[PDB]
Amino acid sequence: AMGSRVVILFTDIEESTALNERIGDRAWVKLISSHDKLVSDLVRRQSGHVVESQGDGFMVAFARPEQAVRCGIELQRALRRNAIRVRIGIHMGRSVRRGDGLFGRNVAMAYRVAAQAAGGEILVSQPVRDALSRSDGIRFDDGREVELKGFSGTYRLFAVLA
């Protein structure tokens, strides 16, 4: 349908509710605020754009898939340095721009991919894994077929290595 091709990145903090209940709102608000600041800096460093700031994570838009992945790699490296565990999913395709937001099935797919990822892991769809086959120095695993809610059939998702 309508829209231009874009790379969509979704973050998703693992077990944020349990963490919130554990440290309390005061400590939680301070933590997520610093987290928001961290993600914001890294996204800008890869020419990305934070589209929406959900309660647990963010939706981010990039022009190039390599920008999105590299942002993910740097984000995971920074979080481990501070050690919160975060899931990262990356998908690309056409998406409908409405206002300053993004809508469509590929937006849903993007989060779906992120939801399959483990804490501290970066997962990507096959189109992203294909667009980036021969790119130094980004390496993927062998992939795995998974069923995703709302979509028929199966989809192969790939994790970023190192």
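Start at 1 with the first residue shown and count on from there.
In this entry, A83 and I84 are separated by 4 to 9 residues of the deposited sequence that lack coordinates. Stretches 105 to 113 and 49 to 57 differ in mean C-alpha B factor, with the higher average recorded for 49 to 57. Comparing 63 to 71 with 129 to 137, the stretch with the higher mean C-alpha B-factor in the PDB entry is 129 to 137. Per-chain ranking of the deposited C-alpha B factor places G93 in the lowest third. In the deposited entry, the Cα temperature factor of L157 sits in the middle third of values across the chain's modelled residues. Among all modelled residues in its chain, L38 ranks in the highest third by Cα B-factor. Among all modelled residues in this chain, the alpha-carbon of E145 has a temperature factor (C-alpha) in the highest third. Sorting the modelled residues of the chain by their CA temperature factor places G99 in the highest third.
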